[PDB]
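First comes the structure, then the notes that go with it.
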Amino acid sequence: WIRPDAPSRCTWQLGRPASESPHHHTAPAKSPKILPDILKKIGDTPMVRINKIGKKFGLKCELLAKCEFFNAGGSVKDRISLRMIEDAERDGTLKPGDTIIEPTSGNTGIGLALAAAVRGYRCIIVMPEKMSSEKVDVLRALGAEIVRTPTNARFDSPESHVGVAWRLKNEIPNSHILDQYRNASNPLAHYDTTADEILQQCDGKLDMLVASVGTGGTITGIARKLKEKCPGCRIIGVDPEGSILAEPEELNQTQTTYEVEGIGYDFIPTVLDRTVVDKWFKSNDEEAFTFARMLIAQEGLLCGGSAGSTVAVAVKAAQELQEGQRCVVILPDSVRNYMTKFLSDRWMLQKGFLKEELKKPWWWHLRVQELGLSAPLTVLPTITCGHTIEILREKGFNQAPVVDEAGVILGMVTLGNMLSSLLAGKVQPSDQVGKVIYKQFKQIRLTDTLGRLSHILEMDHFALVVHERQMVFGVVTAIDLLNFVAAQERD
Amino acid sequence: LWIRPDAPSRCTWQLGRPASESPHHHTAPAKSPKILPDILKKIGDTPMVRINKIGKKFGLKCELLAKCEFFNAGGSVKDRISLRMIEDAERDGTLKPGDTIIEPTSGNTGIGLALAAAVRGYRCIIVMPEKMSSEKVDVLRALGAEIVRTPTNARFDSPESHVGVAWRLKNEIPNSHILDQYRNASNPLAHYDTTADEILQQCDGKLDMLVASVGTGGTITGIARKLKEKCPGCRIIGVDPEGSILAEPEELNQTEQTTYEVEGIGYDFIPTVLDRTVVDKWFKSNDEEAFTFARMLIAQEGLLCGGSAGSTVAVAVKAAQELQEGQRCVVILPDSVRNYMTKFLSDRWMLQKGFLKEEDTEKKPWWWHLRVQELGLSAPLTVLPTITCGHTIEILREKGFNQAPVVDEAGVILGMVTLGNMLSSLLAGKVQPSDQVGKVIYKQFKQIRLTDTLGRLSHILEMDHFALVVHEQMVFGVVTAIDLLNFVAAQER
Ligand code: HEM
Ligand code: HEM
Ligand SMILES: *Cc1c(COP(=O)(O)O)cnc(C)c1O
Ligand SMILES: *Cc1c(COP(=O)(O)O)cnc(C)c1O
């Protein structure tokens, strides 16, 4: 069992000529008209300007974002995943058909599983139980085997993702742990490609770089190349509360687990070089999710939580900067991984990140009863179509809920939809109503708030106002709510 | 005031007319600058990637190419028509700053419009069918769009249709516009001006067949017109889901079903922007093919694409059979998996909708149909949450055990504790020997019956590290993935 946190043997120091390096470096290559495979769609990520958030927090500087979620697997990890594989293949260590085992937060696991799916390697991912199910669905779709570990497990312990990875490797023939925590290919990928891209996109002019830290490879490779080729740039590292990566140690004193995925650790990875980070900042979950949501709402960037942590620090750290200067921020991954988490309001409420006291209009806190409802006529599912047309027209009604003999509501039926279906030949007048019933709806009480109705209308067209039996006091749609509000506008 | 989406087109284009005769304003593709002023500039210039396995699996002799449109900022092909429709409107003077934009949609156009709206400062109201995925709703809600739903089976003629509701909303809201993807020229024109140029440039002009799934029809129309002009020999193949009426000849459209699970393609009316005259041949697709093939695209080619992409490739492996070596077939891949994370990507959904037969287990190894009891379980010693750490260390060492489930005085299982985690926590000073075990407890686990299959266990281990074997109260044993591995490998020798 090799320790992920072993002190680095690298003899790099600022000032050493690049010629002195023992490592194999790879030049970035121009993308061909047609891509031989998707793995070539890694790198050359866009550098987009942040237009609102910085000014909202008083930055005078240009704030730029390196959007890494445009990589083929959707994360910054797709970079090292490729590199680590390719170098291994050149080492002769990785043979065709071989098994790759990797401890991960998920994104490296996705990149590796992707490359494995393409290049024909077996892939076993070992990730903590905290990480999102979306990553699991993706990994499962890529054909990767999945193993989980308890979140709070110490890295020293056998139950940790690293430990489980090694224990798996020992039992499986032709298996390798590329080990992102130790492999040089990880920071070197960012030293060779990512930093070059940043330097090229910025024309060499660059005042500050903010990056969240996990394995530390991104900030390490980028900071090393930046210290060499753009010495004045300040390197700002971001570490979650509960993590120990940050310096000075006094900052780390604190919670031990946190909701944000992909950053922070209970050990210092070998690839990480804390010497090149000029200053550290601590971040928390609330900041992270708040800012990520802000990134989406304001800048249109569909990025994940670490991106939010990063920007949340950047609006603080960049205050010292002034006009004409620029701050670049790394945005490690997409919202795809967190669709049911921070993107979801219910999860944010459930986790206590969103207080209910959720910016709303005057009508939000009003009861539905004030809408001016009218109780509709009810019909059986077994009633026939033309008959319903006659009933509805004869009473001047345009729609009727479909309720069972036992009084359970089955759905909704409309005059216009019926005429349309009949005129089109889709159904017969003698045909049963079930052929054209709108089966989907949601129920509400007279004492429900209008805003609750507004949330309900984002999933359903119809909302039936009902008693506690077969009793529909009224039917409300978005158009009705609109009509009420708009009528109230006229006064 | 209700304009029909299915009104016959007024366009007087016909193959052979000089481009100079066109009344429309055309936009040239531009080189992307080093730094993007905003994310909307990250639309277009989508990669053309080669399919390496699937075509050969189905006996294609030709080069199969994919125009991967899911790399657009909003994640779909619709981001193109969203930008264009807006920009043109802004040039028309029709769209004013701060104005409200209402749009009927399957979602992707709505996401692109909501994105652009969020950037450019428009109010955005999306009207989409109840069938469409919750993921789209979550994204639209995050982008700040107001959202309204309509019944899936509502006829387009009916007041309850997304089109009809969109118009009805428009009539009640001042300073509101419906850009209308179903009628607006900016939709197909966006594909004629940009997407098609990209395909032509990426293919160096050489292109034998193009397969595209159809929705509003703007993609296939805009691409096919320019292709018919600049690459006449290329065949245009359209994909239409069963239950839809877009396909020709009408004989193909005859079907029992009217709704289908696949999102973004097919309609109960012929959109004005669609030009069926340029479609050389149509193919009908179903949900099973679509999802199977989408999953195949992910599993084999590493392309994280949605269901319409699956429909398209599923057609392509049929339609391209006539092609031979040296010829190439280009396929459109409209959107990403992000919209379908909890649908076809999710195995439980595929089971629930009946797309996945359980039998097709058959893919699985020998040990899959074996009971958990055969693992060689041993019942562990349990401890109270309230027991202290060093005490437990002593008990476990004295018994030769390495771990103990933590069960309540009431006998509810609270979790798990391992000797190694305790020792590690102690040596690090995180905890004291006199400290409560609950400071170090592994709270998360899953239960299983002794009669459960090993494969079920294998599914469980993808969400939890520990699986407790239990009766109805009592823990017969603790199993991890390593234990399953040791068992299988042991039986293997
Ligand atoms: C002049 C430049 C450099 C020199 C001369 C150098 C030298 C070395 C040497 C000799 C080792 C192996 C030591 C041993 O195992 O005995 C090493 C390891 C390593 N290097 Fe470098 N290095 C340079 C730059 C870099 C850069 C720029 C990066 C990343 C951005 C990097 C990342 C690593 C990593 C991650 C290891 C593994 C450490 C370990 O296994 O303990 N190196 N380097
Ligand atoms: C020489 C080329 C073309 C000419 C002369 C032409 C002419 C026209 C004219 C005159 C109209 C409006 C008729 C009216 O409102 O009175 C029109 C509408 C339209 N055009 Fe074109 N067009 C050309 C090419 C195209 C192309 C290449 C596309 C898309 C790929 C296109 C898409 C549309 C659409 C969607 C409409 C709306 C139809 C309607 O309003 O009912 N046109 N075109
Ligand atoms: C890995 C990862 C990081 C951190 O990158 P390092 O290069 O490991 O610092 C941040 N965010 C996400 C989502 C990640 O997966
Ligand atoms: C819109 C859409 C299509 C079809 O595009 P048209 O250009 O409308 O034919 C296919 N798939 C998805 C996901 C879509 O959103």
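Chains as they are written, first to last, in the numbering used here: chain A, 506 to 996; chain B, 3 to 495. Note that CB positions come from ideal geometry on N, CA and C, so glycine has one too.
So, A/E764 versus A/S811, is the Cβ gap smaller than 9 Å? If you check the CB distance, A/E764 and A/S811 do not come in under 9 Å.
Interface partners of B/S78 on chain A, CB under 7 Å: Residues of chain A passing the Cβ test: none, with the nearest at roughly 12 Å.
Which residues, taken in chain order from the stretch 249 to 269 of chain B, show a beta carbon closer than 7 Å to some beta carbon of chain A? For the stretch 249 to 269 of chain B, no residue has a beta-carbon sitting nearer than 7 Å to a beta-carbon of chain A.
Please name the residues in the stretch 968 to 996 of chain A whose beta-carbon is closer than 7 Å to at least one beta-carbon of chain B, in chain order. Those residues of the stretch 968 to 996 of chain A that come within reach of chain B (Cβ to Cβ, closer than 7 Å) are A983, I984, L987, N988, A991.
Find the residues of chain A that neighbour B/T394, judging by a C-beta separation of less than 9 Å, and give them in chain order. Contact of B/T394 with chain A by beta-carbon distance below 9 Å is absent, the smallest such distance being about 15 Å.
Buried versus exposed call for A/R974 [16 or more other C-beta atoms within 10 Å across all chains shown]: The residue in question, A/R974, is exposed, as its Cβ has fewer than 16 Cβ neighbours within 10 Å.
Boundaries of the beta strand (DSSP E) in which A/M917 is found, first to last residue: Element bounds for A/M917: 914 to 919.
In whole angstroms, what is the alpha-carbon distance linking A/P537 and A/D549? Taking the straight line joining both Cα atoms gives about 13 Å.
Flag B/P367 as yes if its beta-carbon sits less than 9 Å from any beta-carbon of chain A, otherwise no. So, not an interface residue.
Measuring only from the beta carbon, is A/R687 closer than 8 Å to any heavy atom that is part of ligand 1? At least one heavy atom of ligand 1 is nearer than 8 Å to the Cβ of A/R687, so yes.
Spell out whether any CB of chain B is found under 9 Å from the CB atom of A/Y686. With 9 Å as the cut-off, A/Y686 does not count as an interface residue toward chain B.
Report the CB separation of A/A817 from A/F796 in whole angstroms; it is logged as a contact under 8 Å. So it is a contact: roughly 4 Å between Cβ atoms.
If you follow the beta strand (DSSP E) that B/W284 is part of, which residue opens it and which one closes it? Per DSSP, B/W284 belongs to the beta strand (DSSP E) from 283 to 287.
Name, please, each residue of chain A whose Cβ falls closer than 8 Å to the Cβ of B/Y444. What B/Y444 touches in chain A: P655, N657, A658, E664.
Cβ contact check for the stretch 699 to 706 of chain A and the stretch 632 to 647 of chain A: 3 or more pairs under 8 Å: Verdict: no, contact absent.
Is B/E137 near B/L335, with beta carbons less than 9 Å apart? Their beta carbons are not under 9 Å apart, which means B/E137 does not touch B/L335 by this criterion.
Alpha-carbon to alpha-carbon, B/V333 and B/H371: Across the structure, B/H371 and B/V333 are spaced so that their CA atoms are roughly 40 Å apart.
Less than 9 Å separating the beta-carbons of A/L564 and A/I615? Cβ atoms of A/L564 and A/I615: not closer than 9 Å.
Please name the residue in B/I45, B/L459, B/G312, B/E474 whose C-alpha comes closest to that of B/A192. Answer by Cα proximity: B/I45.
To test your reading of the DSSP string, which unbroken alpha helix (DSSP H) runs of 4 or more residues are found completely within the stretch 777 to 861 of chain A? For the stretch 777 to 861 of chain A, whole alpha helix (DSSP H) runs of length 4 or above, ordered along the chain, are 790 to 799, 810 to 822, 850 to 855.
For B/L38, does the three-state DSSP call read helix, strand or coil? In this structure, DSSP gives B/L38 an extended state, which the three-state scheme calls strand.
Three-state secondary structure (DSSP) at A/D909? It is coil, neither helix nor strand.
Specify, as a first and last residue, the run of the beta strand (DSSP E) that A/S717 falls within. Here the beta strand (DSSP E) through A/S717 covers 713 to 717.
Pair within 9 Å by beta-carbon distance, A/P745 and A/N789: Contact: yes.
If B/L212 and B/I175 are in contact, beta carbons under 8 Å, what's the gap, nearest whole angstrom? With a contact defined as Cβ atoms closer than 8 Å, B/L212 and B/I175 miss out at about 40 Å.
Within chain B, partners of A/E594 - CB distance below 8 Å: Residues of chain B passing the Cβ test: none, with the nearest at roughly 17 Å.
For the beta strand (DSSP E) that B/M87 lies in, which residues bound it at each end? Premise fails: B/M87 lies in the alpha helix (DSSP H), 80 to 94, not in any beta strand (DSSP E).
Just curious, the beta strand (DSSP E) that A/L568 is in, first and last residue? From DSSP, the beta strand (DSSP E) with A/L568 extends over 567 to 572.
Enclosing beta strand (DSSP E) for A/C890 [first to last residue]: Where A/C890 is concerned, there is no enclosing beta strand (DSSP E), although the alpha helix (DSSP H) around it starts and stops at 890 to 900.
Do you know offhand how far B/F158's Cα is from B/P367's? Near 49 Å, if we compare the C-alpha coordinates of B/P367 and B/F158.
DSSP on B/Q449, reduced to helix/strand/coil? Assignment of B/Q449 by DSSP, reduced to helix, strand and coil, places it in the strand class.
Look up B/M130 in the DSSP assignment and give the residues it is bridged to. Answer by DSSP bridge pairing, in chain order: B/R151.
Neighbourhood of B/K355 by C-beta, 7 Å cutoff - its chain only, sequence neighbours within 5 removed: Closer than 7 Å at Cβ, skipping near neighbours: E263.
Can we say the stretch 756 to 763 of chain A touches the stretch 668 to 685 of chain A, given the rule of at least three CB pairs closer than 8 Å? Result no; under three Cβ-Cβ pairs closer than 8 Å.
So if I threshold CB-CB distances at 8 Å, which residues from the stretch 823 to 834 of chain A count as touching chain B? From the stretch 823 to 834 of chain A, no residue has a Cβ closer than 8 Å to chain B.
Hey, is A/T919's beta-carbon within less than 9 Å of any beta-carbon in chain B? Closer than 9 Å: yes.
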